[PDB]
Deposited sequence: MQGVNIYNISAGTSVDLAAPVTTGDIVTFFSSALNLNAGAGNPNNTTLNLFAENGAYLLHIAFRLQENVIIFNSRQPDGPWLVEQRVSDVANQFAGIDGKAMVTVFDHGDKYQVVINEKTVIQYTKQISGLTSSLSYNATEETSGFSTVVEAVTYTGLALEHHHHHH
């Protein structure tokens, strides 16, 4: 049934989802810091990177990509100008990802930044937030709320 699950993920760690994120489900990451490194990931149970999100502060670009458990990085999609996507909110931020089945729609705050057509499919059984335990643009701890069982 439709449900809400709360998680706390400190940089450099991951969490196993009590309720998997599948088609029709949503997951939102909340940062209590926003100083513009940091990557948000959705994992398949076999260890595949369903969706990799890397905010490149030096290049000032947001990267999106997938990866097989024993394969390398695949075709990446990029969005230009990091600061622009978070434009509208200072000192904090949120990243939302909708699993639409054929693709993942990524939203930063209220702005949709990309309709990422999947390179790898499956259900998200875990998530992680690396900032390499160093924490960069986001707070050292990200709160992840998921809304599952929507379909």
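Gaps between the deposited sequence and the modelled coordinates occur at 37-44, 160-167, listed in sequence order.
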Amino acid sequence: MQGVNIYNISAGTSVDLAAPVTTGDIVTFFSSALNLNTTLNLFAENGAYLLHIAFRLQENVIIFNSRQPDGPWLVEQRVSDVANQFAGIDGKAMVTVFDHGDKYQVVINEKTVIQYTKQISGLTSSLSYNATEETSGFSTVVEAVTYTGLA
From here on, numbers count along this sequence of modelled residues.
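The PDB entry records a higher mean C-alpha B factor for 64-72 than for its counterpart among 64-72 and 93-101.
The question of which stretch, 12-20 or 126-134, has the higher mean Cα B factor is settled in favour of 126-134. Residue set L50, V27, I108, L57: peak C-alpha B-factor at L57 (per PDB entry). Considering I114, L40, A44, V82 together, the PDB entry gives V82 the largest C-alpha B factor.
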